[PDB]
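Presented as structure tokens, the chain that follows is alone, the form deposited in one PDB entry.
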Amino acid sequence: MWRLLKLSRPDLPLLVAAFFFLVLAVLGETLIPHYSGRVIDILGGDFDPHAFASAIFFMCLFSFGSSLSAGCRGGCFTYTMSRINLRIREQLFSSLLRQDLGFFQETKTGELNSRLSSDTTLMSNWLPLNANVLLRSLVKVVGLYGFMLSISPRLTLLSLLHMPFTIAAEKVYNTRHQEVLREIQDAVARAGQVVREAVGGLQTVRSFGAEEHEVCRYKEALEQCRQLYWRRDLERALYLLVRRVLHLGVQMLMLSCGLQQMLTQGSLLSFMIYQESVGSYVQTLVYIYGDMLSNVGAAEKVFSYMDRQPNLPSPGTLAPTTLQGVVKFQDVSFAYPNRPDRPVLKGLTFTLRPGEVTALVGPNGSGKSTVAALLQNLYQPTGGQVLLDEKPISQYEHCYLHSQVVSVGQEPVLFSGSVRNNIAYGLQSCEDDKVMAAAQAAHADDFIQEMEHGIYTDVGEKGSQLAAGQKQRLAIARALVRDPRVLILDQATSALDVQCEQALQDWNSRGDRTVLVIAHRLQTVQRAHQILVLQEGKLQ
């Protein structure tokens, strides 16, 4: 409730300018009707050289000033809320990237995008509708309460009588409103995930002929959202009707107590319109303050994501100028955080040397990619330790470590940029000579020239405009452009043909690289210096 003002702190001059223009606007529209009355009551004989012209000229200049200030206030409010929404989006997206890898499996991508798109606009769009109405209502209530001169005990009776404006009903309505807004946002995210999954995997959906199923699922989600919206609207309308009905209970009592006192008849009917206006205005003020609080509180998910601490250790500070590249697994046992109490590794212990090639073999589900992910400091072991040059691998700097320990994954993931933007991914600076050398080393330069624009050809989303072997070669080139010290290859030749497989088979022609290959088929790991066979997470 107070984080929003601290976030909107860099928008203070726009807000104070908007308040200045707003008080100028309300002063102008307060002072206009008196001179409008002076204009109209001149009907008892028209004065041509004076009186009429001066009054209409003064009304002209008053309306001109009020209009200019109103336009300035509206523009300032619109710009301020656009800036606040963009700041919230930037901060939430920057906070989401720091989280642990187990956070992204308990959540869904379309739901996160729905939060970033809708929940940020929910906590910004209310102020241009709310602040002007609330301030105008406050000014009008203060002005209408300045009619104390009419009759003395009326205001004292009014304050005590209208002080309990159904506090319990207000709290009940605020609780129900906040709950239904939270449910609405959850349903919207659930509906967006359906579109997320249907559009992203369209080729499989078309291949099985199941687009109508996705349309039906989306329509079910839309029906749930529509039901929640109608519940919210009906509750709001019922609350407004109850308030408008109960407003009469004080008005008839004051209009009866004036007759009961028999302050005169000509003065008793001189403030009924004032009483109705001040009651409606204070009811509007209380309602819009409650709506403000409920709408701010309904977006607590975005605040929870922006203040979430990742389940990662303290960041490293080590960055040696020379790295030997000897890797040690010592008594390492691991179980995944999203699915605990089912161990994947059961006491692994081995050493990887700079001058040798190590092969890791086993059946499906044995845990080889788990070993690779623990080697890249993507997960923390529940027992034992992973050491790089006799130091824990979590003590090294984040940017330093991932330029030295580089891996090719089981399923390579490309991005929407060009070829050279994927080869040089994650690198601050990279000359074109290094990129072409890495493409030559990965045997990728043969098909690069065949594409239009060469290395500037727009690779499709997820590398969908290439073959699988071409994507594999691009991933190998991306790994090799960094000149790594420890190189992991998690089935890096699963898509290449026979000739490209026998062409890329040394991996240690440099002689100072710690290579770990992970393979299923044989006749590619005879030249491995060390062979490790693991079954159900135990080394044999």
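Don't overthink the numbering: it's just position in the shown sequence, from 1. The term rigid core refers to the maximal set of C-alpha atoms that superpose within 1.5 Å between the two forms.
This protein has a second form, the form deposited with a partner chain bound, left out of what is shown; the following refers to that one.
The shortest heavy atom separation between residue 532 and its partner chain in the deposited complex exceeds 4.5 Å. By the criterion of a heavy atom within 4.5 Å, residue 24 is counted among the residues contacting its partner chain in the deposited complex.
Taking the partner from elsewhere, residue 34 is found to have a heavy atom lying within 4.5 Å of its partner chain in the deposited complex.
Proximity of residue 503 to its partner chain in the deposited complex: non-hydrogen atoms within 4.5 Å are absent; the residue sits far from the partner. Of the residues listed here (46, 497, 512, 41), only one shifts its CA by 2 angstroms or more between the shown form and the other one after fitting on the rigid core, and it is 46.
In the deposited complex, the CA atoms of residue 56 and residue 46 move farther apart by at least 3 angstroms compared with the shown structure.
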